[PDB]
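The structure appears right after this line, and notes come after that.
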Amino acid sequence: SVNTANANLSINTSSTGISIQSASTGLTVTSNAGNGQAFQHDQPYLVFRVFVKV
Amino acid sequence: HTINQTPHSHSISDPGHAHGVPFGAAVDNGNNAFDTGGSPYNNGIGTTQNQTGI
């Protein structure tokens with residue numbers, strides 16, 4: 001009879017052929033940055049007094 | 001993947017096998033068979049050499 005035996009073999013490593021294609025992050029607008037606030041402004045001026053002739 | 005393989009060999013499980021020789025003479029005339037005897041002792045006679053066909 002023939003006894004059971006192992007075929008001594010091993011697997012040689014190979015690098016898989018894998019690639020990553022294009023993609024978009026998907027965002028299209030930013031976040032609002034600003035508030036509409038009343039803003040004080042004054043032209044140069046000089047202050048007098050007014051009198052109406054009675 | 002690539003296989004790294006080396007040749008392998010199996011071990012046999014040879015059990016003893018014995019043939020037989022049926023050529024025992026009953027009459028001592030002619031050379032067809034072998035004359036018989038009473039007490040067996042090892043006189044150093046062996047068969048020939050031949051390969052078993054397996």
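Naming scheme: A, B, ... for chains in displayed order of the structure tokens; residues 1 onward per chain; ligands 1 onward as shown.
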
Within chain A, find each residue whose DSSP state, derived from the backbone, is strand (DSSP E), and express the selection as a tab-separated table (two decimals) with N, CA and C atoms, in the first residue's frame.
```tsv
chain	number	residue	atom	x	y	z
A	9	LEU	N	3.82	22.37	-1.22
A	9	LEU	CA	3.69	23.50	-2.13
A	9	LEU	C	3.31	24.74	-1.33
A	10	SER	N	3.63	25.90	-1.90
A	10	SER	CA	3.34	27.17	-1.26
A	10	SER	C	2.92	28.18	-2.32
A	11	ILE	N	2.22	29.22	-1.88
A	11	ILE	CA	1.67	30.23	-2.78
A	11	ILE	C	2.61	31.42	-2.82
A	12	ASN	N	2.99	31.83	-4.02
A	12	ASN	CA	3.81	33.01	-4.20
A	12	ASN	C	2.93	34.26	-4.18
```

Counting only C-alpha atoms, which residues of chain A fall within 9 Å of chain B, and what is the closest atom pair for each with its distance in Å at one decimal, ordered by chain and rising number, as a tab-separated table?
```
residue	atom	partner	partner_atom	distance
A:1	CA	B:13	CA	5.0
A:2	CA	B:12	CA	4.5
A:3	CA	B:11	CA	5.4
A:4	CA	B:10	CA	6.7
A:5	CA	B:10	CA	5.4
A:6	CA	B:8	CA	7.1
A:7	CA	B:8	CA	5.4
A:8	CA	B:6	CA	5.9
A:9	CA	B:5	CA	3.9
A:10	CA	B:4	CA	4.9
A:11	CA	B:3	CA	4.6
A:12	CA	B:2	CA	4.9
A:13	CA	B:1	CA	6.6
A:14	CA	B:1	CA	6.0
```

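Here atom CA of residue 42 of chain B and atom CA of residue 27 of chain B stand 23.7 Å from one another.
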
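Take atom CA of residue 16 of chain B and atom CA of residue 49 of chain B: the distance between them is 16.1 Å.
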
Notebook entry, point to check: For the atom pair atom CA of residue 37 of chain B and atom CA of residue 23 of chain B, what is the interatomic distance in Å to one decimal place?
Noted result: 13.1 Å
